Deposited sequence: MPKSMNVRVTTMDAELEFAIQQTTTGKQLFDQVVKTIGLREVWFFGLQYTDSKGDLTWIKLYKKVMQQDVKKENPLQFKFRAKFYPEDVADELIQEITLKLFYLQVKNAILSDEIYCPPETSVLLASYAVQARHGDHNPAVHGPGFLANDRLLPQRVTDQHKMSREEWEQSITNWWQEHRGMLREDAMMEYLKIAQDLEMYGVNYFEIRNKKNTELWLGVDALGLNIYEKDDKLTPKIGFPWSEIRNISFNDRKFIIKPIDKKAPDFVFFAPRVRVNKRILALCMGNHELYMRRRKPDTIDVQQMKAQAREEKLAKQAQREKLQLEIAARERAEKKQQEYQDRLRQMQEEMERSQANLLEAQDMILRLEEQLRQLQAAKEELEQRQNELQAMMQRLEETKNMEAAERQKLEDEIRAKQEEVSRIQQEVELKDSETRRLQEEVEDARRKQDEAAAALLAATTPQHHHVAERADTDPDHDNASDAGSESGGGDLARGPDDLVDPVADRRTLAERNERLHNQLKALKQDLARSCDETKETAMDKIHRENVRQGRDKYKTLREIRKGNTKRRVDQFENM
């Protein structure tokens, strides 16, 4: 009946048992309430199904009904399913920042996302500041970074640089960050990373009516089309503000725009499973898109207020190693999970205890009204016989008058017990309400979560947005083109790395990137460009490709 599950976040493994009929949400909530995360909208639980495919957990469906690969324990990954549009403006809590930084760094380091050498190096220096704080030559000897995972394999395989050298180079830049908090180094990393061309892009293999091979790209900003040969530079794009309805039939996927003049944007997945995943991410990214176009909610403003307050609280409070910080954090999560589960079981017990009591009390309250209403009947019938026997002897009138009064004594006794039971019922309702509150204190508000697809064919209308909606890509510029310092550091790094670069080890994406840089392109320029024209124009462009 009861199942063991393991959930791995980027900074913790949590091992715990759940009930046989625990919903995806009940699992998800236990994960986040432990680590203290309230920005739930970005996140989900990946697993492997019996068919060996990566799958997200559905919140309002029993976990055992979702066909998680059968293991002991069940294996889950807590991961960001959706990225913010602008990290600097959006990420509120420290824990949400940490988990993104860790998930994105992992993508860069594992070569899921292309990151060029210069950026990789710069990013590494922010990474080490995040982990180890300020460089200090008194305490940090040479080879201090021996165990840190610094750069992507691509970037080391193509330069003639000893480990020792890479460490020194990254230490020089690390030194430039003295004074900067760990949280800021994490944010500064992401602020740099979010302008990478492959960042936040969910890719899928698709074909148009013309049967050309293409890549669809779904992100926080909209939909994008790439040629198979080039994932860094998208050729056509649609912002979320131009989309009205999404749906699929088997392998056919139909996108209907807001503009009624423009035709349906239609393409084909190689599999129905692909089209489901696409739809969910579309529904998901579109909804979060629209929230970003509206003012902050009450809960969001509270979070932000709280976040800023706890940031100053932690500043005052502020030494341990990195490996040991991680172990204590992992322990903290275990202790809170343990306490949480204990308190839940108590609250569940108290609730069922209060309910059963309430039920037994309401039966006894009817039993005391049935016994009272019987005494009232006997009183009324004793008065009727007494009035008729008095008219009709004086010894029987005393015997009847005494018994009538003694029945009133019994009514007074049972109205004192009824009075007691009343206050015991109302006390049970207090206990029930507190238990219920406690249980709900362990759930996350449902309205914070992104709406998820219900279930050969699914989909529907996307909620329209504000009447005053301005898509933010019009005004947006890369941190490099805005910040003179950043630009200069990449410029420096390009010069240093070039003097040990093995040109024979230049990957295909290296060539595409340099071409883009050479042509004055960047993530947002290219987005502005490929969105030009009306919805019809670009739906044509796609079909002709």
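For this session: May I ask you to mark the stretches of the deposited sequence that the structure leaves without C-alpha coordinates?
Result: Sequence ranges with no C-alpha atoms are 1-2, 321-325, 400-409, 473-485.
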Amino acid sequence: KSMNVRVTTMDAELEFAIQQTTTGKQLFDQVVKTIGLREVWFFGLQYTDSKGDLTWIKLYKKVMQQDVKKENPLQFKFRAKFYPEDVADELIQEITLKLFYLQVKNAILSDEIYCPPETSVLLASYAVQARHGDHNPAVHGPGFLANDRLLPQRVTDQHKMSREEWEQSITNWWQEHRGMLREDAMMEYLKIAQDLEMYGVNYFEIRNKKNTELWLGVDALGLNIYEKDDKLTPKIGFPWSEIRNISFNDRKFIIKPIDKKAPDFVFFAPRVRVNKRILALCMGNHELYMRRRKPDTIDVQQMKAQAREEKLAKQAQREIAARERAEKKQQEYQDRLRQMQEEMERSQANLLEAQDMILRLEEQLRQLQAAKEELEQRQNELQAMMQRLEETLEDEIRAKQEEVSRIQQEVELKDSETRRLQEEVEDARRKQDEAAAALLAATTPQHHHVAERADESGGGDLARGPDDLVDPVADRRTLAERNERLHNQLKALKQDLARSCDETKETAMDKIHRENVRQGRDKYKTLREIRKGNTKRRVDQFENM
From here on, numbers count along this sequence of modelled residues.
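Exercise. Mean CA B-factor: is it higher for 25-33 or for 38-46?
Worked result: Mean C-alpha B-factor is greater for 25-33.
Problem set entry | Of 473-481 and 55-63, the one with larger mean CA B-factor | Mean CA B-factor is higher for 473-481.
For this session: Kindly indicate the residue among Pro239, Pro263, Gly141, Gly179 with the greatest C-alpha B-factor in the PDB record.
Result: Answer for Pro239, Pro263, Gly141, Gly179: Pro263, with the highest C-alpha B-factor.
Exercise. If you check the C-alpha B-factor for each of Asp184, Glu345, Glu362, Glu167 in the entry, which is highest?
Worked result: The C-alpha B-factor peaks, among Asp184, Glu345, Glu362, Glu167, at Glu362.
Problem set entry | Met3 - which third its CA temperature factor falls in, relative to the rest of the chain | Middle third, going by the recorded CA B-factors of the chain.
Exercise. Relative to the other modelled residues in the chain, which third contains the C-alpha temperature factor of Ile206: lowest, middle or highest?
Worked result: For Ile206, the deposited C-alpha B-factor lands in the middle third.
For this session: Using the B-factor values recorded in the entry, state whether the Cα atom of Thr526 falls in the lowest, middle or highest third among the modelled residues of its chain.
Result: Middle third of the chain for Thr526's C-alpha B-factor.
Exercise. Sorting the chain's CA B-factors, does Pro466 end up in the lowest, middle or highest third?
Worked result: It falls in the top third of the chain.
Exercise. How does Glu71 rank on Cα B-factor within its chain, lowest, middle or highest third?
Worked result: Middle third.
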